[PDB]
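K.L.:
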Ligand SMILES: Nc1ncnc2c1ncn2[C@@H]1O[C@H](COP(=O)(O)OP(=O)(O)O)[C@@H](O)[C@H]1O
Ligand SMILES: Nc1ncnc2c1ncn2[C@@H]1O[C@H](COP(=O)(O)OP(=O)(O)O)[C@@H](O)[C@H]1O
Ligand SMILES: [Mg+2]
Ligand SMILES: [Mg+2]
């Protein structure tokens, strides 16, 4: 009875964590790719102004 | 009993779900903030070029 | 009765001069802010590299543990 | 003490203490009551959000400007705007600070008298002075001559000045300004399918106008080019997605300035009312006015207007005179910078309308010697 | 030969040969595919019933109008409607007849260009011309001045005209019309227990609105009277029995026209957009527009609207001007009668867009001189 | 609808008492499919979905692809013959009727409540559907608290516990003066 409830609850519990794990790692990778994009865009005109610093 | 060996897991996935949900909520929010900042920087560059457009 | 301006002496074309003179100061402060800002923000890329190493190790840990649980459960 | 240089304007209220470079607080002048019912209890919902707060809750408000064309049409809302400006954006009680309002030329007297009566009775300032919005813009340029075209958001006026002596018979005030350009842009956007109707969406159309529109150097060539190629179509993302693409609406919206027949107005453009304002002046100061044409006000910030206007005036003017158009980068706040400079002068310190003087002659003191 | 005066409209397609008094065939513009499965074999079941045929089999169809607000959102269905109109309701091949479509003001260009491209390529007419729906309604009244409020079923627009010279800067187009009134009536009927949801039952609610609703002369007095007595409750028999009793929903449905805040629209009612449209006109033609206010379109057929509107405008307008509201009994077909008159004129016979002209300039010919 | 599609395997529930048994089956077994066609194809080839259930007297039953077909009616009301669009599209329509400046906030704060939104896997199907409908830039977030069933009552308790709300009750003397029609008046 309640045993069956426990089995069902535990079995469904494992479902949510594992599926979310892949999404979490994909989010991390996409975040890092975008941050690298911005950093690459950041330093270029930064150095351009460094050259343009007082001409 | 056989109840506890699963109820242990039943409660166990609760904190798992909480951590995953708060982490993913923060991840999406900061990702969107980064995307907005990158969009702002790109628009800044392009429209700064076009506001110049020779004088 | 129209407003008759009282007797003054000066000045012209000088306060605008001093106000426009600080353009170099403004450019310097803006460029300093930009440089220090990029320098103090790019470190989050390294912080997210740390995040990536932590996620990689946790993913390896979870793969190992889930294989262990699959081995210990299927009787 | 220090003076408060307020500048009511119509569309953006700019204020700040005298003697600085830029206004301290700049925020739209809109007062919007909520229009829906409201079901959450205890949410702390106010009855009117003014200033920059109503540009964030504009989704459920009905924004309404209290200043139509220079003149003030809704005195209670204007009083609310002033109260907000003094107490929350500057946090200085008006009991200890002189004020320097600004007013467009050729405005109704009752507006100015009511303004001074409010400032002296409700806010109870020590002394206030009202100045014409173009003389200040001439102060900020550091000149002492020149004809200034101050195309604000409410009304465009063109005051010529020589050697400090204003020419009252040559002021040409025209009521086309930024607001009419916003309405015309909102009206021509419907030719592609985008319909903006709500008073909140007028703000979105204003943002489109600010960020995309530009003044064409030659109108017919641009109309021909935009009808063949597609190098002009710039896209823009609404506050919810669904990007839109503006074609030849880009340079047709601000073209209304030089051809007021587009919105049905009879008068001539800002390129020809300046020449008419010059020709009314005496024959010996026309060269100086030609050489020192000054631009000011927000609406003169369109990319490429300082060249179109110069080309037009050079076409109209005699071939020998040199036409020069002064377009400082700080155009938007030019009037307020000039106001700060004027309030910071020592020679001006005795021109304020002191409160005892108002008590003796009533609000009609403003038209008297203390102008 | 004779010209075909078609009038797409939105809700009822009205067509007929030029030179008559009334349209030959009037039928709803709905195209409804069947939605159930269908078990009888050989019954001859078609894939889409259009026009008046789908108002008899509407029990098993999903009717969907191809024209939302003036604009056309589903071109295939509109082509089907036109094909039906030409071949089955008039039985005249379009290869031998000029056509005169009608279009609301301020509509997207692409809609008009696609309309002319269809008429010239698919149906292959000799020549077609597109006219603004309000000028025709002014033709039918036999006037030459006046400001016409053409409150159709899709969109309500208000075009002022003087001495034959239209004023393009004073057209006030509002998107509240009969369809929104049907939806609002269907939404307030739920306050008594009657729930209409299916797209077929929208037709039943439309019939209720047509047969029972009326515009109150004074809204508050009617709301007070209907809440005390029971002299207003009129009953109506559904298509299956179970009569219903409409109480103060009778004059609350069409009241939305004068208070568009009921359906959440911000804008002002049809009583105040007419006054605003007048005030944008010049100061010397306002008396004539006041005296020659014209009503047209289907939705202006509510019993008692020509008095409510006159009372409202008289309240707004200056006390000296005379306010007169022209409400001909043939209001519904006023646009089509005007279209017939215009197509029957000899002076108009050279304004058609001839096919060779379209072949030389493409579909963009409609925006050119041949308007 | 579940009681009507169970008849395709042989189980007939007719009595108004057996509607309760079908309700229990629906609560314990049914779930919302993330993608409908793929699930229909999978359930028609393998047998990994067939979950069994014991009636109140024995005679266990096996539910096949009836598991995700019963709650699919929410997103395709054409199954029970209703014309309207699913709960995935009436939310988007309800948003689009709102003003253009508050659509981002409504997109980001979509809230689920009520009992029937407790199906396992609905907070993902609905998010996928709305993300398909909505513009690509907006972020779509679906709030699905674990205490969904009693959400309305918890909110009711919070509202009744507020001090600001304490003067909005319809006092009895007010009803005695205006009759039952007082509820439509200011005291809503
Ligand atoms: N960068 C810009 N480009 C184009 N138009 C602008 C720009 N900034 C402001 N405007 C227009 O100018 C108006 C603001 O004018 P402003 O000078 O503030 O008026 P006021 O004289 O009342 O202060 C705005 O309504 C806007 O339409
Ligand atoms: N006798 C009537 N009383 C009230 N409303 C009517 C009446 N006849 C038509 N209507 C409304 O007017 C609409 C028809 O308007 P119509 O003039 O045919 O539109 P269109 O301009 O598209 O032809 C119908 O949808 C109906 O709601
Ligand atoms: Mg100004
Ligand atoms: Mg019509």
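Protein chains in written order, with the entry's author numbering: chain H, 230 to 284; chain G, 230 to 284; chain K, 84 to 158; chain C, 5 to 375; chain D, 5 to 375; chain E, 188 to 375. Backbone N, C-alpha and C define an ideal beta-carbon position, used for all residues, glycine too.
1. My output table needs one value for residue 231 of chain E: the three-state DSSP class, helix, strand or coil.
2. Is it buried or exposed, residue 39 of chain C, if we count other Cβ atoms within 10 angstroms and call 16 or more buried?
3. Taking the alpha-carbon of residue 35 of chain C as reference, which of C:235, C:8, C:118 and C:15 has the nearest alpha-carbon?
4. Between residue 156 of chain C and ligand 3, is the CB less than 8 Å from at least one heavy atom?
5. On the DSSP bridge assignment, give the partners of residue 11 of chain C in chain order.
6. Between the C-alpha atoms of residue 161 of chain D and residue 124 of chain D, what's the straight-line distance to the nearest angstrom?
7. Determine the closest residue to residue 242 of chain E out of E:253, E:261 and E:208, with distance taken between C-alpha atoms.
8. Pairing CB atoms from the segment 82-98 of chain D with CB atoms from the segment 147-154 of chain D, are three or more of them under 8 Å?
9. For a contact defined as C-beta to C-beta under 7 Å, what are the partners of residue 271 of chain E on chain D?
10. Measure the alpha-carbon distance for residue 88 of chain K versus residue 169 of chain C and round it to whole angstroms.
11. Is there at least one non-hydrogen atom of ligand 2 closer than 8 Å to the beta-carbon of residue 320 of chain D?
12. Note down, in chain order, every chain C residue with its Cβ under 8 Å from the Cβ of residue 112 of chain D.
13. Give, in chain order, every residue of the segment 252-265 of chain H whose Cβ lies closer than 9 Å to some Cβ of chain G.
14. Candidates C:228, C:334 and C:330: which alpha carbon is nearest residue 106 of chain K's?
15. Which residues, taken in chain order from the segment 345-365 of chain E, show a beta carbon closer than 9 Å to some beta carbon of chain C?
16. Which ranges would you report for the beta strand (DSSP E) in the segment 40-118 of chain D if only whole runs of at least 3 residues count?
17. Name the chain H residues that come within less than 9 Å of residue 114 of chain K, Cβ to Cβ?
18. Excluding the 5 residues preceding and the 5 following residue 306 of chain E in the sequence, name in chain order all residues of the same chain whose CB lies nearer than 7 Å to its CB.
19. For chain C, is any of its Cβ atoms less than 9 Å away from the one on residue 128 of chain K?
20. Which residues in the same chain have their Cβ closer than 8 Å to the Cβ of residue 292 of chain D, if we skip the five residues on either side of it in sequence?
21. Less than 9 Å between CB atoms is the rule here; does residue 236 of chain H satisfy it with respect to chain G?
22. Assuming the contact rule is C-beta atoms closer than 8 Å, residue 321 of chain E and residue 327 of chain E should be a hit. Round their C-beta distance to whole Å, please.
23. State yes or no: is the beta carbon of residue 147 of chain C nearer than 9 Å to at least one beta carbon in chain K?
24. Would the beta-carbon of residue 183 of chain D be found less than 8 Å away from any heavy atom of ligand 2?
25. According to a CB-to-CB cut-off of less than 7 Å, which residues of the segment 66-80 of chain C neighbour chain D?
26. Could you tell me whether any Cβ in chain K is nearer than 9 Å to the Cβ of residue 245 of chain H?
27. Hey, which unbroken runs of the alpha helix (DSSP H) at 4 residues or more fall wholly within the segment 237-297 of chain E?
28. Ordered along the chain, which non-local residues of its own chain (more than five positions away) have a Cβ less than 7 Å from that of residue 63 of chain C?
29. Say the cut is 8 Å; is the CB of residue 339 of chain D nearer than that to a heavy atom of ligand 4?
30. For residue 25 of chain C, decide whether its Cβ has a neighbour in chain E, counting only Cβ atoms nearer than 9 Å.
31. Is the beta carbon of residue 260 of chain D sitting closer than 9 Å to the one on residue 188 of chain D?
32. Output the distance between the C-alpha atoms of residue 156 of chain K and residue 226 of chain E, rounded to the nearest integer angstrom.
33. Does the segment 271-279 of chain E touch the segment 306-316 of chain E, meaning 3 or more C-beta pairs lie closer than 8 Å?
34. So what's residue 88 of chain K in DSSP terms, helix, strand or just coil?
35. Does the pairing of the segment 256-265 of chain H with the segment 263-275 of chain G give three or more beta-carbon distances under 8 Å?
36. Identify which residue in D:285, D:30 and D:6 has its Cα closest to the Cα of residue 336 of chain D.
P.N.:
According to the structure data:
1. Within the sixth chain, residue 231 of chain E is the residue found at index 44, counting from 1. Residue 231 of chain E falls in the coil class under three-state DSSP.
2. As a first step, residue 39 of chain C must be located in the fourth chain, where it is residue number 35. By the 10 Å Cβ count, residue 39 of chain C comes out exposed.
3. The residue given as residue 35 of chain C occupies position 31 in the fourth chain. When each option's Cα is compared against that of residue 35 of chain C, the closest is C:15.
4. Here residue 156 of chain C is taken as the residue at index 152 of the fourth chain, counted from 1. The answer is yes for residue 156 of chain C.
5. Here residue 11 of chain C corresponds to residue number 7 of the fourth chain, with the count starting at 1. C:18.
6. Indexing the fifth chain from 1 puts residue 161 of chain D at position 157. Indexing the fifth chain from 1 puts residue 124 of chain D at position 120. Rounded to whole angstroms, residue 161 of chain D to residue 124 of chain D spans 28 Å at the Cα level.
7. Residue numbering aside, residue 242 of chain E sits at position 55 when the sixth chain is read from its first letter. Here the closest residue by C-alpha is E:208.
8. no
9. The count along the sixth chain starts at 1 and reaches residue 271 of chain E at position 84. What residue 271 of chain E touches in chain D: 201.
10. In the third chain, the residue the question calls residue 88 of chain K occupies position 5. In the fourth chain, the residue the question calls residue 169 of chain C occupies position 165. In a straight line, the C-alpha of residue 88 of chain K is about 11 Å away from that of residue 169 of chain C.
11. Here residue 320 of chain D is taken as the residue at index 316 of the fifth chain, counted from 1. No, since every heavy atom of ligand 2 falls outside the 8 Å radius drawn around the Cβ of residue 320 of chain D.
12. By one-based count along the fifth chain, residue 112 of chain D stands at place 108. Near residue 112 of chain D (Cβ distances below 8 Å), the residues of chain C are 194, 195, 196 and 197.
13. 252, 253, 256, 257, 259, 260, 263 and 264
14. One-based indexing of the third chain puts residue 106 of chain K at position 23. When each option's Cα is compared against that of residue 106 of chain K, the closest is C:334.
15. 346, 349, 350, 351, 352 and 355
16. 65-68 and 103-107
17. Mapped onto the third chain, residue 114 of chain K falls at position 31. What residue 114 of chain K touches in chain H: 278, 279, 281 and 282.
18. Numbered from its first residue, the sixth chain carries residue 306 of chain E at position 119. Excluding sequence neighbours, residue 306 of chain E sits near 217, 218, 219 and 258.
19. Position 45 of the third chain, counted from the first residue, corresponds to residue 128 of chain K. Residue 128 of chain K does not count as touching chain C.
20. Position 288 of the fifth chain, counting from 1, holds the residue named residue 292 of chain D. Once the five neighbours on either side are set aside, the close Cβ partners of residue 292 of chain D are 149, 150 and 166.
21. Counting from one through the first chain, the residue named residue 236 of chain H turns up at place 7. So, interface residue.
22. Along the sixth chain, read from residue 1 onward, the residue named residue 321 of chain E stands at position 134. Along the sixth chain, read from residue 1 onward, the residue named residue 327 of chain E stands at position 140. Confirmed, Cβ separation roughly 6 Å.
23. One-based indexing of the fourth chain puts residue 147 of chain C at position 143. So, interface residue.
24. By 1-based counting over the fifth chain, the position of residue 183 of chain D is 179. Yes, the Cβ of residue 183 of chain D comes within 8 Å of a heavy atom of ligand 2.
25. 66
26. Position 16 of the first chain, counting from 1, holds the residue named residue 245 of chain H. Judged by the 9 Å Cβ criterion, residue 245 of chain H is not in contact with chain K.
27. 253-256, 274-283 and 290-295
28. For the purposes of this step, residue 63 of chain C is taken as residue 59 along the fourth chain, with counting starting at 1. If we look at residue 63 of chain C and ignore the five residues flanking it on each side, its Cβ neighbours are 204.
29. By one-based count along the fifth chain, residue 339 of chain D stands at place 335. Yes, since a heavy atom of ligand 4 falls inside the 8 Å radius drawn around the Cβ of residue 339 of chain D.
30. By 1-based counting over the fourth chain, the position of residue 25 of chain C is 21. Chain E contact via Cβ: absent.
31. Within the fifth chain, numbered from 1, the residue matching residue 260 of chain D stands at position 256. Within the fifth chain, numbered from 1, the residue matching residue 188 of chain D stands at position 184. Yes. Within cutoff.
32. Here residue 156 of chain K is taken as the residue at index 73 of the third chain, counted from 1. Here residue 226 of chain E is taken as the residue at index 39 of the sixth chain, counted from 1. The straight-line gap from Cα to Cα measures roughly 27 Å.
33. yes
34. As a first step, residue 88 of chain K is located in the third chain; it is residue number 5 there, counting from the start. Residue 88 of chain K: coil per DSSP, three-state reduction.
35. yes
36. Along the fifth chain, one-based indexing puts residue 336 of chain D at 332. The residue with the shortest Cα to Cα distance from residue 336 of chain D is D:30.
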